[PDB]
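Have a look at the structure below, then the notes.
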Amino acid sequence: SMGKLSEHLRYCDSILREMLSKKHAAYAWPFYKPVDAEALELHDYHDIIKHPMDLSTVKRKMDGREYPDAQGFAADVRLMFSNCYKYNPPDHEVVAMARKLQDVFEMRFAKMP
Ligand SMILES: CC[C@@H]1C(=O)N(C)c2cnc(Nc3ccc(C(=O)NC4CCN(C)CC4)cc3OC)nc2N1C1CCCC1
Numbered sequence: 028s029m030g031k032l033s034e035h036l037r038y039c040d041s042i043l044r045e046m047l048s049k050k051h052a053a054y055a056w057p058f059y060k061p062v063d064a065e066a067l068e069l070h071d072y073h074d075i076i077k078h079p080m081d082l083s084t085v086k087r088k089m090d091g092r093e094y095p096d097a098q099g100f101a102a103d104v105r106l107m108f109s110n111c112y113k114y115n116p117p118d119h120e121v122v123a124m125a126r127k128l129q130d131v132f133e134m135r136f137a138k139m140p
């Protein structure tokens, strides 16, 4: 009722709900919550990744309407993927998992009306 920007943000809300849903859990689960570098014994993670990002943080910010437009939302989602590509060996399973989830994200985002 408030126009294209309101509709875009609601569509992005729906993308996020799908990425968090059981449908994609085989590959999305490493991205549900912030990386716990202490628990994973990754003593270099925060030295390499300066801006951690994950789906629960995107959800908090999106629910608080902290993204001014859909491009702001997309930047944080893509930052999450980019962190995974930057930190891990390129042939690691987690990179393939990030790419499977990004395939979903980019497909849905491309079809935003
Ligand atoms: C932060 C680096 C990278 C990344 O980018 N993200 C996003 C990530 C997000 N979440 C996780 N989470 C878990 C990852 C592995 C395990 C696990 O159970 N590993 C077993 C432990 C015993 N044995 C060695 C066999 C394997 C549990 C996890 O959550 C509790 N891992 C992530 N990885 C991986 C971390 C090391 C390789 C890559």
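In terms of my numbering, the sequence shown opens at residue 28 and continues consecutively.
The beta-carbon is built from N, C-alpha and C at its ideal position, and this holds for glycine as well.
So, with DSSP's three-state summary, where would you put residue i?
| i | result |
| --- | --- |
| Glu-93 | coil |
| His-35 | helix |
| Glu-45 | helix |
| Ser-83 | helix |
| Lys-127 | helix |
| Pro-57 | helix |
| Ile-75 | helix |
| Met-29 | coil |
Would the C-beta of residue i count as close to ligand 1, meaning under 6 Å from any of its heavy atoms?
| i | result |
| --- | --- |
| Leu-128 | no |
| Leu-47 | no |
| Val-62 | yes |
| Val-85 | no |
| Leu-106 | no |
| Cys-111 | yes |
| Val-131 | no |
| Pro-79 | no |
| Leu-67 | yes |
| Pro-57 | yes |
Tell me which same chain residues have a C-beta within less than 7 Å of the C-beta of residue i, skipping the five on either side of it?
| i | result |
| --- | --- |
| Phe-132 | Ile-42, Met-46, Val-104 |
| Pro-57 | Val-121, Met-124 |
| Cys-39 | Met-89, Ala-97, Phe-100 |
| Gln-129 | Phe-108 |
Tell me which residues share the same chain as residue i and place their Cβ nearer than 8 Å to its Cβ, disregarding the 5 neighbours each side in the sequence.
| i | result |
| --- | --- |
| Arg-92 | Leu-36 |
| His-78 | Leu-106, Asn-110 |
Our contact map puts residue i next to residue j with C-beta atoms below 8 Å; I'd like the distance itself, whole angstroms only.
| i | j | result |
| --- | --- | --- |
| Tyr-59 | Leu-82 | 6 Å |
Taking 6 Å as the cut-off, is the beta-carbon of residue i closer than that to any non-hydrogen atom of ligand 2?
| i | result |
| --- | --- |
| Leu-43 | The ligand content of the structure shown is limited to ligand 1, which means ligand 2 is not among them. |
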